[PDB]
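I have placed the structure first, in the form of structure tokens, so that the comments after it can refer back to it.
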There are 2 protein chains.
Amino acid sequence: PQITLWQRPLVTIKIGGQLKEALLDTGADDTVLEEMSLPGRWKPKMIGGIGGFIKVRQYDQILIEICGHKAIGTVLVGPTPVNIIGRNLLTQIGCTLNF
Amino acid sequence: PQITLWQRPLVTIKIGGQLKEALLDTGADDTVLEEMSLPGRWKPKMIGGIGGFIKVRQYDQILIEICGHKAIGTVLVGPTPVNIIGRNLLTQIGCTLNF
Ligand SMILES: COc1ccc(S(=O)(=O)N(CC(C)C)C[C@@H](O)[C@H](Cc2cc(F)cc(F)c2)NC(=O)O[C@H]2CCO[C@H]3OCC[C@H]32)cc1
């Protein structure tokens with residue numbers, strides 16, 4: 001798809017058997033998801049944003065289906081206010097900025 | 001241009017007579033610039049992100065030249081760690097997401 005930006009660029013994702021909505025976020029290096037039940041190992045990590053830092057759980061090699069595209073990579077889980085698909089996954093679905 | 005997302009989507013902007021680099025950020029509703037000397041009158045505001053909130057100064061009808069394209073709109077100035085071009089200006093330069 002081509003997505004204009006008059007509204008937030010939200011897409012439906014499937015991850016860990018659950019359906020969610022997430023923001024396609026070119027400003028995010030990494031993918032950060034709201035508190036959710038994810039299976040497997042995880043490493044504690046801290047990540048920084050506009051208002052400070054949050055502690056997240058890092059999961060690697062996690063499969064996400066984003067608007068019918070499959071990607072695998074690192075997902076961070078924690079107290080983000082919105083689900084963010086970051087550049088680590090955007091590159092896998094071939095996403096580009098155009099103007 | 002078309003911009004792939006293997007690196008951060010940075011562009012050069014000119015605002016208030018100064019040259020800066022800023023991130024093309026589809027996850028940002030509004031445009032947020034690091035502390036800088038802007039001439040106008042401003043309104044106090046708070047904005048929220050991943051780690052909490054920051055106080056910013058809101059300036060309206062600010063001219064920004066983003067990668068040569070000209071845009072006018074609201075700019076927020078405050079303790080953001082990265083200069084962020086948000087959707088309020090991205091729409092003016094015709095920016096779209098494509099995959
Ligand atoms: C009123 O209108 C607004 C304008 C901006 C923001 S907002 O807090 O800024 N936000 C919106 C929110 C969905 C996260 C945009 C997002 O694009 C930031 C933009 C950014 C980049 C940055 F490098 C440093 C920042 F402080 C902020 N991304 C980031 O928080 O990323 C985190 C985690 C992912 O991985 C990493 O990637 C980069 C940093 C880290 C809010 C309101």
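Each ligand, and each atom within it, is numbered from 1 in the order the structure gives. A, B, ... follow the sequence lines: proteins, then strands. Residue 1 opens every chain. Atoms considered below: every heavy atom in the structure, side chains included; atoms not considered: hydrogens, waters and symmetry mates.
The residue from B:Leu89, B:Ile3, B:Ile84 that alone fulfils the side-chain contact (heavy atoms from CB on, under 4.5 Å) condition with B:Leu24 is B:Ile3. A:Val77 pairs in a side-chain contact (heavy atoms from CB on, under 4.5 Å) with only one of the listed residues (A:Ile62, A:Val56, A:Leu38), which is A:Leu38.
Looking from atom 26 (F) of ligand 1 to the surrounding protein, the closest heavy atom is B:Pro81 CG, 2.9 Å. Among protein heavy atoms, the minimum distance from atom 5 (C) of ligand 1 is reached at B:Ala28 CB, 3.5 Å. Summary of contacts: the protein heavy atom closest to atom 12 (C) of ligand 1 is B:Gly27 O, 4.2 Å. Remark: minimum distance from atom 36 (C) of ligand 1 to any protein heavy atom is reached at A:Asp29 N, 3.6 Å.
Closest heavy-atom approach to atom 41 (C) of ligand 1 within the set B:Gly48, A:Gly49, B:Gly49: this belongs to B:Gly48. The residue from A:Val56, A:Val82, B:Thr80, B:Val32 that puts a heavy atom closest to atom 13 (C) of ligand 1 is A:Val82. Remark: among candidates B:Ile50, B:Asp25, B:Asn88, the nearest residue to atom 19 (C) of ligand 1 is B:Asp25, based on non-hydrogen atoms.
Atoms of ligand 1 found under 4.0 Å from any heavy atom of B:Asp30, numbered from 1 in the order shown, are 1 (C), 2 (O), 3 (C), 4 (C). Proximity to B:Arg8 (heavy-atom distance under 4.0 Å) selects the following atoms of ligand 1: 23 (F), 38 (C). Taking a cut-off of under 4.0 Å to the non-hydrogen atoms of B:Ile47, the atoms of ligand 1 that pass are 1 (C).
Counted by atom type alone, A:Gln2 and B:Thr96 present one or more donor-acceptor pairs between their side chains at under 3.5 Å. For the residue pair B:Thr74 / B:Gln61, no side-chain donor-acceptor distance below 3.5 Å is found, with atom types taken as modelled.
Looking at A:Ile84 against ligand 1, only its side chain comes within 4.0 Å, counting heavy atoms.
A:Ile13 and A:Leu10 fall into different hydrophobic clusters, where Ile, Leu, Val, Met, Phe, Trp and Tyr side chains are chained together by heavy-atom contacts under 4.5 Å. Note: the hydrophobic cluster containing A:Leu5 also contains B:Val75 (ILVMFWY, side chain heavy atoms under 4.5 Å, direct or indirect links).
Taking the six-membered ring where the residue is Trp, A:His69 and B:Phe99 present perpendicular rings, their angle passing 60° and hence far from 30°.
Between the B:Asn83 side chain and the B:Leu33 main chain, no donor and acceptor come within less than 3.5 Å of each other.
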